[PDB]
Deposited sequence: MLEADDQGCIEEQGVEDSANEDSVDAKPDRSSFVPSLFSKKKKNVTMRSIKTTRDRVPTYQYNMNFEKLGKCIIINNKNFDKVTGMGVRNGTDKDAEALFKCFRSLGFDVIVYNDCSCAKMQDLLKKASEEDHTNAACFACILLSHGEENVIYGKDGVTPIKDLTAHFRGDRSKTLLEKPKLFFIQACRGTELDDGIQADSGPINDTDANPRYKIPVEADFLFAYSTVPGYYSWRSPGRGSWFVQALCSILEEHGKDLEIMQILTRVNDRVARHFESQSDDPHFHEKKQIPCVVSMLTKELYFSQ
């Protein structure tokens, strides 16, 4: 009932860190994103992933990074992880030059397309907006199998990031992983990340329309076993 972790490598971890965008996109500089990346770099490295951080990629670069990565030989690896830090809209992330469908970035790893990652977990963590809604708060193996998307927010909603500390989702995810990454199952970790973000964060803003908002992450799992980074 657990994913076999007996491989010489845990797996590759691609971190796409998009901070500066083309003015044609009209997207602002994501302050605090470098802090997220560095933190995420330390966590996933600790977990034992071979992480490489790619900055200000463009949609093609991103698609290539993923197409190529899916093309490597993952036979000696337990899994694959990819973390996306950037701007976004519903179903789409922003390259420095525009927006590309997350579905395209992930499909490369389908069972029919990455045989060496077949029956192995493929993890994508996405920190990006998914719309413009604010939460006010209240006081034969299937080809689509073995994927897990840890989104920072829910469909149709904004995702918060503090210029000086990083995004809520990443601050949360990193504290949890640092302390429990090696002892709790992935769903437990993400559930705790879910609770941490919901209870410990609340937007501070000068625009009242954007003041005191809350946020809840969203985990989608097509996993078929329990995942322990150990």
> So which bits of the deposited sequence did not make it into the model?
Replying inline: 1-59, 199-213, 305
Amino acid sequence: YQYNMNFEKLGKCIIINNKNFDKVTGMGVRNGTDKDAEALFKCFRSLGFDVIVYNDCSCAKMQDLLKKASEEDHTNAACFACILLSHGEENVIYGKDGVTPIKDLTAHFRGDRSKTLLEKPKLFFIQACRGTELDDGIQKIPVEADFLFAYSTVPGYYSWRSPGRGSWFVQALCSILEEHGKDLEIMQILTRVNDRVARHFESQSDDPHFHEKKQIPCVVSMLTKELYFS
From here on, numbers count along this sequence of modelled residues.
> Taking the recorded C-alpha temperature factors, which stretch has the higher mean, 200-208 or 179-187?
Replying inline: 200-208
> Mean C-alpha B-factor higher for 24-32, or for 44-52?
Replying inline: 24-32
>> According to the Cα B-factor stored in this entry, which of the following is highest: 107, 83, 148, 138?
In response: 138
> Which one of 128, 77, 154, 123 shows the top CA temperature factor in the record?
Replying inline: 77
> Mind checking which third residue 171 falls in for C-alpha B-factor across the chain?
Replying inline: lowest
> Thinking about Cα B factors across the chain, which third does residue 61 belong to?
Replying inline: middle
> residue 192's Cα B-factor: lowest, middle or highest third of the chain?
Replying inline: lowest
